[PDB]
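J.: Coordinates in input.tsv, TSV, N, CA and C atoms, are listed below.
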```tsv
chain	number	residue	atom	x	y	z
A	1	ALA	N	172.92	47.41	122.91
A	1	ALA	CA	174.07	47.82	122.12
A	1	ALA	C	174.36	49.31	122.29
A	2	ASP	N	175.48	49.75	121.73
A	2	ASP	CA	175.87	51.15	121.83
A	2	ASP	C	175.26	51.97	120.69
A	3	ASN	N	175.37	53.29	120.78
A	3	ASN	CA	174.82	54.17	119.76
A	3	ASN	C	175.76	54.26	118.56
A	4	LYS	N	175.58	53.35	117.61
A	4	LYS	CA	176.40	53.32	116.41
A	4	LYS	C	176.41	54.68	115.72
A	5	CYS	N	175.25	55.32	115.66
A	5	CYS	CA	175.12	56.63	115.03
A	5	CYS	C	176.11	57.62	115.65
A	6	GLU	N	176.34	57.48	116.95
A	6	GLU	CA	177.26	58.37	117.66
A	6	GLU	C	178.62	58.40	116.98
A	7	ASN	N	178.97	57.30	116.33
A	7	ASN	CA	180.25	57.19	115.63
A	7	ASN	C	180.09	57.50	114.15
A	8	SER	N	178.91	57.20	113.61
A	8	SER	CA	178.63	57.44	112.20
A	8	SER	C	177.62	58.57	112.03
A	9	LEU	N	178.08	59.70	111.51
A	9	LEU	CA	177.22	60.86	111.30
A	9	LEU	C	176.13	60.54	110.28
A	10	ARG	N	176.48	59.75	109.28
A	10	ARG	CA	175.53	59.37	108.24
A	10	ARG	C	174.38	58.56	108.82
A	11	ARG	N	174.71	57.60	109.68
A	11	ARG	CA	173.71	56.75	110.30
A	11	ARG	C	172.75	57.57	111.16
A	12	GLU	N	173.28	58.63	111.77
A	12	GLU	CA	172.48	59.50	112.62
A	12	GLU	C	171.53	60.35	111.78
A	13	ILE	N	172.06	60.94	110.72
A	13	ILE	CA	171.26	61.78	109.84
A	13	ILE	C	170.19	60.96	109.11
A	14	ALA	N	170.53	59.71	108.81
A	14	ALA	CA	169.60	58.82	108.12
A	14	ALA	C	168.44	58.42	109.02
A	15	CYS	N	168.77	57.94	110.22
A	15	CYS	CA	167.76	57.53	111.18
A	15	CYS	C	166.83	58.68	111.53
A	16	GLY	N	167.40	59.88	111.64
A	16	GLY	CA	166.61	61.05	111.97
A	16	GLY	C	165.42	61.23	111.04
A	17	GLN	N	165.65	61.01	109.75
A	17	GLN	CA	164.59	61.15	108.75
A	17	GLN	C	163.53	60.08	108.93
A	18	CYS	N	163.95	58.82	108.92
A	18	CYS	CA	163.04	57.70	109.09
A	18	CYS	C	162.25	57.82	110.39
A	19	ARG	N	162.89	58.41	111.40
A	19	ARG	CA	162.25	58.59	112.70
A	19	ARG	C	160.95	59.38	112.57
A	20	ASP	N	160.95	60.36	111.67
A	20	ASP	CA	159.77	61.19	111.44
A	20	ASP	C	158.79	60.49	110.51
A	21	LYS	N	159.30	59.97	109.40
A	21	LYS	CA	158.46	59.28	108.43
A	21	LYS	C	157.75	58.09	109.07
A	22	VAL	N	158.53	57.14	109.58
A	22	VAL	CA	157.97	55.96	110.23
A	22	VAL	C	156.99	56.34	111.33
A	23	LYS	N	157.19	57.52	111.91
A	23	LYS	CA	156.33	58.01	112.98
A	23	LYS	C	156.28	57.02	114.14
A	24	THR	N	157.46	56.62	114.62
A	24	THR	CA	157.55	55.68	115.73
A	24	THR	C	158.57	56.15	116.76
A	25	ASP	N	158.09	56.44	117.96
A	25	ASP	CA	158.97	56.90	119.04
A	25	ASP	C	159.98	55.82	119.41
A	26	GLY	N	161.26	56.21	119.44
A	26	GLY	CA	162.31	55.26	119.78
A	26	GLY	C	162.94	54.63	118.55
A	27	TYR	N	162.26	54.75	117.42
A	27	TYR	CA	162.76	54.18	116.17
A	27	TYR	C	164.19	54.64	115.90
A	28	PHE	N	164.44	55.93	116.09
A	28	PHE	CA	165.77	56.49	115.87
A	28	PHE	C	166.82	55.74	116.69
A	29	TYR	N	166.50	55.49	117.95
A	29	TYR	CA	167.42	54.78	118.84
A	29	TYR	C	167.46	53.29	118.52
A	30	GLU	N	166.38	52.80	117.91
A	30	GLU	CA	166.28	51.39	117.55
A	30	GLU	C	167.16	51.08	116.34
A	31	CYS	N	166.95	51.83	115.26
A	31	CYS	CA	167.71	51.64	114.03
A	31	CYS	C	169.19	51.91	114.27
A	32	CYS	N	169.49	52.77	115.24
A	32	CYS	CA	170.86	53.11	115.56
A	32	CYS	C	171.61	51.90	116.12
A	33	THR	N	170.87	50.96	116.68
A	33	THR	CA	171.46	49.75	117.24
A	33	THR	C	170.82	48.50	116.66
A	34	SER	N	170.18	48.65	115.50
A	34	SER	CA	169.52	47.53	114.84
A	34	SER	C	169.87	47.50	113.35
A	35	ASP	N	170.74	46.58	112.97
A	35	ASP	CA	171.15	46.44	111.58
A	35	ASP	C	169.98	46.00	110.70
A	36	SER	N	169.12	45.14	111.26
A	36	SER	CA	167.97	44.64	110.53
A	36	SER	C	166.93	45.74	110.33
A	37	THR	N	166.67	46.50	111.39
A	37	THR	CA	165.70	47.59	111.33
A	37	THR	C	166.08	48.61	110.27
A	38	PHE	N	167.38	48.72	110.01
A	38	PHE	CA	167.88	49.67	109.01
A	38	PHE	C	167.45	49.26	107.61
A	39	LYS	N	167.35	47.95	107.39
A	39	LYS	CA	166.95	47.42	106.09
A	39	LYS	C	165.65	48.08	105.61
A	40	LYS	N	164.63	48.03	106.45
A	40	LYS	CA	163.34	48.62	106.12
A	40	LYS	C	163.47	50.11	105.85
A	41	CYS	N	164.11	50.82	106.78
A	41	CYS	CA	164.31	52.26	106.65
A	41	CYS	C	165.02	52.59	105.34
A	42	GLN	N	165.92	51.71	104.92
A	42	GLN	CA	166.68	51.90	103.69
A	42	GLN	C	165.75	51.85	102.48
A	43	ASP	N	164.72	51.02	102.56
A	43	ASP	CA	163.76	50.88	101.47
A	43	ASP	C	162.90	52.12	101.34
A	44	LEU	N	162.46	52.65	102.48
A	44	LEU	CA	161.61	53.84	102.49
A	44	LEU	C	162.34	55.03	101.87
A	45	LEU	N	163.55	55.29	102.34
A	45	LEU	CA	164.36	56.40	101.83
A	45	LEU	C	164.69	56.19	100.35
A	46	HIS	N	164.71	54.93	99.93
A	46	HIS	CA	165.01	54.60	98.54
A	46	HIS	C	163.82	54.92	97.64
```
Go ahead and express the file in the form of structure tokens.
T.:
Amino acid sequence: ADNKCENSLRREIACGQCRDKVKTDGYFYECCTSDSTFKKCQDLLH
């Protein structure tokens, strides 16, 4: 898929945080193109 975050600044800023917390390389690029993966990240930030 394409980089959704590239179009949504919020999605980019959000993934950036989880990328560090989750401590998983590629996570940022994964959640950016993964609606399901965002669910988990949404819980952590919550």
J.: Atom CA of residue 28 of chain A to atom CA of residue 2 of chain A: how many Å, to one decimal?
T.: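 That distance, rounded to one decimal, is 12.9 Å.
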J.: Need the shell around residue 15 of chain A: protein/DNA/RNA residues with any atom at most 8 Å away, counting only C-alpha atoms. Skip same-chain ones fewer than 5 positions apart. Format as an MDAnalysis selection string?
T.: chainID A and resid 27:28 31:32 41
J.: For the residues selected in the previous step, produce a file with N, CA and C atoms as an mmCIF file, in the frame of the given file.
T.:
```cif
data_model
loop_
_atom_site.group_PDB
_atom_site.id
_atom_site.type_symbol
_atom_site.label_atom_id
_atom_site.label_comp_id
_atom_site.auth_asym_id
_atom_site.auth_seq_id
_atom_site.Cartn_x
_atom_site.Cartn_y
_atom_site.Cartn_z
ATOM 1 N N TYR A 27 162.260 54.750 117.420
ATOM 2 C CA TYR A 27 162.760 54.180 116.170
ATOM 3 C C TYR A 27 164.190 54.640 115.900
ATOM 4 N N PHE A 28 164.440 55.930 116.090
ATOM 5 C CA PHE A 28 165.770 56.490 115.870
ATOM 6 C C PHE A 28 166.820 55.740 116.690
ATOM 7 N N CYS A 31 166.950 51.830 115.260
ATOM 8 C CA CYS A 31 167.710 51.640 114.030
ATOM 9 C C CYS A 31 169.190 51.910 114.270
ATOM 10 N N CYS A 32 169.490 52.770 115.240
ATOM 11 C CA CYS A 32 170.860 53.110 115.560
ATOM 12 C C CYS A 32 171.610 51.900 116.120
ATOM 13 N N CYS A 41 164.110 50.820 106.780
ATOM 14 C CA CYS A 41 164.310 52.260 106.650
ATOM 15 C C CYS A 41 165.020 52.590 105.340
#
```
J.: Might you pull out every residue within 8 Å of residue 33 of chain A, with all atoms listed in the file counted and same-chain residues fewer than 3 positions away left off, and present them as a VMD selection string?
T.: chain A and resid 1 to 5 27 to 30 36 to 38
J.: Could you turn the residues from that selection into a file that holds N, CA and C atoms, as a PDB file, in the frame of the given file?
T.:
```pdb
ATOM      1  N   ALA A   1     172.920  47.410 122.910  1.00  0.00           N
ATOM      2  CA  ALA A   1     174.070  47.820 122.120  1.00  0.00           C
ATOM      3  C   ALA A   1     174.360  49.310 122.290  1.00  0.00           C
ATOM      4  N   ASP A   2     175.480  49.750 121.730  1.00  0.00           N
ATOM      5  CA  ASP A   2     175.870  51.150 121.830  1.00  0.00           C
ATOM      6  C   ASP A   2     175.260  51.970 120.690  1.00  0.00           C
ATOM      7  N   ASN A   3     175.370  53.290 120.780  1.00  0.00           N
ATOM      8  CA  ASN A   3     174.820  54.170 119.760  1.00  0.00           C
ATOM      9  C   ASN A   3     175.760  54.260 118.560  1.00  0.00           C
ATOM     10  N   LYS A   4     175.580  53.350 117.610  1.00  0.00           N
ATOM     11  CA  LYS A   4     176.400  53.320 116.410  1.00  0.00           C
ATOM     12  C   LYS A   4     176.410  54.680 115.720  1.00  0.00           C
ATOM     13  N   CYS A   5     175.250  55.320 115.660  1.00  0.00           N
ATOM     14  CA  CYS A   5     175.120  56.630 115.030  1.00  0.00           C
ATOM     15  C   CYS A   5     176.110  57.620 115.650  1.00  0.00           C
ATOM     16  N   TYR A  27     162.260  54.750 117.420  1.00  0.00           N
ATOM     17  CA  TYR A  27     162.760  54.180 116.170  1.00  0.00           C
ATOM     18  C   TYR A  27     164.190  54.640 115.900  1.00  0.00           C
ATOM     19  N   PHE A  28     164.440  55.930 116.090  1.00  0.00           N
ATOM     20  CA  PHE A  28     165.770  56.490 115.870  1.00  0.00           C
ATOM     21  C   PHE A  28     166.820  55.740 116.690  1.00  0.00           C
ATOM     22  N   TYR A  29     166.500  55.490 117.950  1.00  0.00           N
ATOM     23  CA  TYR A  29     167.420  54.780 118.840  1.00  0.00           C
ATOM     24  C   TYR A  29     167.460  53.290 118.520  1.00  0.00           C
ATOM     25  N   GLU A  30     166.380  52.800 117.910  1.00  0.00           N
ATOM     26  CA  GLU A  30     166.280  51.390 117.550  1.00  0.00           C
ATOM     27  C   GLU A  30     167.160  51.080 116.340  1.00  0.00           C
ATOM     28  N   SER A  36     169.120  45.140 111.260  1.00  0.00           N
ATOM     29  CA  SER A  36     167.970  44.640 110.530  1.00  0.00           C
ATOM     30  C   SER A  36     166.930  45.740 110.330  1.00  0.00           C
ATOM     31  N   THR A  37     166.670  46.500 111.390  1.00  0.00           N
ATOM     32  CA  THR A  37     165.700  47.590 111.330  1.00  0.00           C
ATOM     33  C   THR A  37     166.080  48.610 110.270  1.00  0.00           C
ATOM     34  N   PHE A  38     167.380  48.720 110.010  1.00  0.00           N
ATOM     35  CA  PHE A  38     167.880  49.670 109.010  1.00  0.00           C
ATOM     36  C   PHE A  38     167.450  49.260 107.610  1.00  0.00           C
TER      37      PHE A  38
END
```
J.: Quick one: distance from atom C of residue 6 of chain A to atom C of residue 43 of chain A in Å, one decimal?
T.: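 About the pair atom C of residue 6 of chain A and atom C of residue 43 of chain A: they are 23.0 Å apart.
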J.: Would you please give, as number ranges by chain, all residues of segment 2-44 of chain A that DSSP assigns to alpha helix (DSSP H) based on the backbone?
T.: A: 4-7, 9-21, 27-31, 35-44
J.: Env of residue 18 of chain A: 9 Å cut, atoms = only C-alpha atoms, seq-sep filter 2 positions within chain, self excluded. Answer as JSON, numbers by chain.
T.: {"A": [14, 15, 16, 20, 21, 22, 23, 24, 27, 28, 41, 42, 44, 45]}
J.: May I ask for the distance between atom CA of residue 26 of chain A and atom N of residue 46 of chain A, given in Å to one decimal place?
T.: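 Distance between the two atoms: 20.0 Å.
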